Protein chains: 2
Amino acid sequence: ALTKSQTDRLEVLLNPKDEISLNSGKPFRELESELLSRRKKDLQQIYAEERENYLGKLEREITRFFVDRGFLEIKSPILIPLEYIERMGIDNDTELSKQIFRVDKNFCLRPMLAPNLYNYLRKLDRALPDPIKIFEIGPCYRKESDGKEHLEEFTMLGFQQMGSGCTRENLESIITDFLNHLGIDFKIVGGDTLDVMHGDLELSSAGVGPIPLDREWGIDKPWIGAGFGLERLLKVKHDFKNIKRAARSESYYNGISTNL
Amino acid sequence: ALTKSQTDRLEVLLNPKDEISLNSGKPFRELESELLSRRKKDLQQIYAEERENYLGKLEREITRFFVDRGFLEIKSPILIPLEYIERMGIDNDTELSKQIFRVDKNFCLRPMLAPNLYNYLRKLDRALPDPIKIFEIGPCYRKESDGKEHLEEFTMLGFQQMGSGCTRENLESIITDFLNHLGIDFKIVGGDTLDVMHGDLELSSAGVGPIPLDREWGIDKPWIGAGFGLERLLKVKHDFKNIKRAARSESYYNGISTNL
Ligand SMILES: Nc1ncnc2c1ncn2[C@@H]1O[C@H](COP(=O)(O)OP(=O)(O)NP(=O)(O)O)[C@@H](O)[C@H]1O
Ligand SMILES: Nc1ncnc2c1ncn2[C@@H]1O[C@H](COP(=O)(O)OP(=O)(O)NP(=O)(O)O)[C@@H](O)[C@H]1O
Ligand SMILES: N[C@@H](Cc1cccc(Cl)c1)C(=O)O
Ligand SMILES: N[C@@H](Cc1cccc(Cl)c1)C(=O)O
Ligand SMILES: [Mg+2]
Ligand SMILES: [Mg+2]
Ligand SMILES: [Mg+2]
Ligand SMILES: [Mg+2]
């Protein structure tokens, strides 16, 4: 019989599309050599043909979707002033206050895109015609307990529209077109707040403004927006058992173990 | 006559393609209203047509170049173990040792891509045919003195080939094809080491292995590689006077002031 340590080793080499019975009679060394051969072949095929990383490719595909729908592509700082966290209403009572990676005395790694998106909406309202539609994709950081659905370093899509047309119906239409474009099953469950679920996994939280917090950011128009984790989208699309398979990582490439 | 503070204000609104004499007789309020009008028009045109961010677009264009040349696209952690810095030979004597953004007790924001690229070359050598060609584009972080050519948060392209064909000629051919593809003037000046210059501005440092440091990373094959700053490429291509115009930023969008 396989030890638990041996099954752990085989599980890192197992891909969802495999159809191998680990619990059958075959010895560990033979099961391991078979899986090593397939994963090496998987990497050789990627190298010979497409050569694109799942996380980079997903970001490029989402970028094309939102640019084509009239949203301006934003690239804003990842290292942000610590004051932005408090100004978001994240005080000691909230969970997120304990999840911040602090840097130096006055900076942190952003755990969210909302502060920079607020700042862009306010500034662009002086220049662009109504409605203002923006989006950003990039790294975000949170301290988390170990869990199959959370990374400490992940990638967030955030989009926001401000001005006319900021209805819940329009928000649900964006989400619906977006996930049907990507081929990801979902249910929307519900200022108004709204979560996008895949089974028990949260793909997104979405919001409809105005809300009282807007005033602190110099915002006084209605808005709709949502934030999606890219690694969670990849986990669902590729049926990964653990989100570590979709992360920026030295241990996995497109969900394939790099320890061969 | 304009005050220095007024000229500073006008300089943030001035774009390289403008042809306005600030030192002429026109009053500040009129020069400011003219420049505000043009920059608002510039943003409106981006929003109406392409809607792509210069830094995102450049990353996508570089990605296509290297994928098409047979390099595997890597996305590796930005928050890296602090031990990687020492293992790179960065001790107290080097400048880079004082430039590290530390996070928690044992992590830092990566100032370079070399450690993760080394780790990928070693792991992929067990799976991929010779030669192994990889590249990564993403955020890097260094503490810097104020200067028109440096950001504390920037974006690095790093590529590396390991195995056969790792000659200086082949390295110079990659660099030359790459920058002629982008339309960026350069001179290459010179294990062997090699810098890619635009006038007095360093676009890249490049290297040819083996070097003694490889052994610490489990590497024992020849290699060639180089690292390029994306914001410096944008600064040259768009003739920005200060690299702040090309950065991830809340103050500039595609080199256009957002404070209008
Ligand atoms: N640690 C994380 N790892 C991966 N994705 C994350 C992480 N935290 C948040 N996300 C994603 O970012 C989206 C928006 O962030 P947010 O609504 O603040 O998350 P959240 O409410 O903390 N979700 P959860 O922690 O799963 O209950 C989420 O719906 C997830 O898709
Ligand atoms: N602070 C920075 N801001 C922007 N680009 C940078 C920065 N540091 C390095 N780069 C870019 O990354 C490339 C490779 O890094 P590296 O060779 O370590 O830089 P460097 O030797 O410290 N250059 P410099 O600081 O200008 O003398 C450089 O050639 C630049 O294009
Ligand atoms: N609240 C998360 C996700 C998000 C982003 C943007 C907009 C909304 Cl409504 C939600 C963040 O600030 O990044
Ligand atoms: N030395 C810089 C630039 C670089 C990257 C990769 C390879 C070479 Cl030769 C040079 C870094 O480690 O990121
Ligand atoms: Mg959470
Ligand atoms: Mg949520
Ligand atoms: Mg330097
Ligand atoms: Mg250098």
Side-chain angles (χ1 to χ4, degrees), chain A residues 36 39-44 46-48 50-57 59-60 63 66-68 70-79 101-104 107 109 116 119-120 123-124 126-129 132-133 136-139 141 143 152-153 155 247-251 253 256 258-260, chain B residues 36 39-44 46-48 50-57 59-60 63 66-68 70-79 101-104 107 109 116 119-120 123-124 126-129 132-133 136-139 141 143 152-153 155 247-251 253 256 258-260:
Chain A
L36 287 170
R39 299 293 87 80
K40 289 176 171 162
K41 285 327 149 189
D42 288 342
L43 290 171
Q44 290 155 12
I46 294 170
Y47 192 47
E50 197 179 84
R51 284 182 296 285
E52 290 181 63
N53 179 268
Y54 278 176
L55 197 47
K57 185 184 186 189
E59 164 176 338
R60 294 188 286 275
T63 293
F66 277 91
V67 165
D68 285 352
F71 291 70
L72 185 65
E73 176 192 24
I74 304 304
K75 291 291 190 201
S76 72
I78 298 163
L79 188 58
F101 283 94
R102 294 191 61 191
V103 177
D104 292 344
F107 285 86
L109 299 175
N116 294 340
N119 285 338
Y120 258 96
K123 296 176 195 236
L124 293 173
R126 306 198 50 78
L128 296 185
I132 304 207
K133 309 209 286 187
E136 172 155 17
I137 301 169
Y141 294 84
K143 283 154 174 336
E152 295 203 315
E153 173 175 55
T155 312
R248 294 177 172 273
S249 176
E250 310 187 283
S251 302
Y253 184 86
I256 297 151
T258 62
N259 294 118
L260 299 181
Chain B
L36 287 170
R39 299 293 87 80
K40 289 176 171 162
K41 285 327 149 189
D42 288 342
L43 290 171
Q44 290 155 12
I46 294 170
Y47 192 47
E50 197 179 84
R51 284 182 296 285
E52 290 181 63
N53 179 268
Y54 278 176
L55 197 47
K57 185 184 186 189
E59 164 176 338
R60 294 188 286 275
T63 293
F66 277 91
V67 165
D68 285 352
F71 291 70
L72 185 65
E73 176 192 24
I74 304 304
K75 291 291 190 201
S76 72
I78 298 163
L79 188 58
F101 283 94
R102 294 191 61 191
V103 177
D104 292 344
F107 285 86
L109 299 175
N116 294 340
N119 285 338
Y120 258 96
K123 296 176 195 236
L124 293 173
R126 306 198 50 78
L128 296 185
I132 304 207
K133 309 209 286 187
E136 172 155 17
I137 301 169
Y141 294 84
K143 283 154 174 336
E152 295 203 315
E153 173 175 55
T155 312
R248 294 177 172 273
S249 176
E250 310 187 283
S251 302
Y253 184 86
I256 297 151
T258 62
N259 294 118
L260 299 181

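Proteins get letters first, then strands, A, B, ... in listed order; numbering begins at 1 in each. These values consider heavy atoms only, across backbone and side chains, with no hydrogens, waters or symmetry-generated copies.
Between chain A and the residues B/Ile78, B/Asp42, B/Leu260, the largest count of heavy-atom pairs under 4.5 Å involves B/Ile78. By number of non-hydrogen pairs under 4.5 angstrom with chain B, the leading residue of A/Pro77, A/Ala127, A/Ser76 is A/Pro77. Interface remark: of the candidates A/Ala247, A/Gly56, A/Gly70, A/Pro139, A/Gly70 forms the most heavy-atom pairs closer than 4.5 Å to chain B. Most heavy-atom pairs under 4.5 Å with chain B: of the set A/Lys41, A/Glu50, A/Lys75, this distinction falls to A/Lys75. By number of non-hydrogen pairs under 4.5 angstrom with chain A, the leading residue of B/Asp68, B/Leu36, B/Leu72 is B/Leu72. The candidate with the highest count of non-hydrogen atom pairs below 4.5 Å against chain B, out of A/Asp104, A/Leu55, A/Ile132, is A/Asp104.
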| said: I'd like to know whether A/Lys123 forms a side-chain contact (heavy atoms from CB on, under 4.5 Å) with B/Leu43, so could you lay out the CA-CA distance, the side-chain angles of the two residues, the decisive distance to 0.1 Å, and finally the verdict. | reply: CA-CA 11 Å; A/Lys123 296 176 195 236; B/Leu43 290 171; over 6 Å; no
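A pairwise comparison of heavy atoms in B/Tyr120 and A/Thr258 identifies CE2-CG2, 4.2 Å as the closest pair.
Expressed to the nearest 0.5 Å, how far CZ of B/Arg248 lies from CD of A/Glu136 amounts to 6.5 Å. Taking CZ of B/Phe71 as the reference point, atom CZ of A/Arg51 lies at 10.0 Å (rounded to 0.5 Å). In this structure, CG in A/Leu128 is found 9.0 Å from CD1 in B/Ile46, a value given to the nearest 0.5 Å.
Within the 4.5 angstrom heavy-atom criterion, atoms from both the backbone and the side chain of B/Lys133 approach chain A. Neither the backbone nor the side chain of A/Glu152 comes within contact range of chain B; no heavy atoms are under 4.5 Å apart. Proximity to chain A is limited to the backbone of B/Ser249, based on heavy atoms less than 4.5 angstrom apart. Contact of B/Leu109 with chain A is made through the side chain alone, with heavy-atom distances under 4.5 Å. If you measure heavy-atom distances from B/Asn116 to chain A, the contacts under 4.5 Å come from both the backbone and the side chain.
A/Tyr253 has its side chain out of reach of B/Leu124: every pair of non-hydrogen atoms, C-beta onward, lies at least 4.5 Å apart. Proximity of B/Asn53 to A/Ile74: side-chain heavy atoms (C-beta onward) are nowhere separated by under 4.5 Å.
Judged as a side-chain contact (heavy atoms from CB on, under 4.5 Å), and not counting sequence neighbours, the contacts of A/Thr63 are A/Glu59, A/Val67, A/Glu73, A/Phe135, A/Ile137, B/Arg60. By the side-chain hydrogen bond (donor to acceptor under 3.5 Å, both in side chains) test, A/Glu153 pairs with A/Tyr141, sequence neighbours left out.
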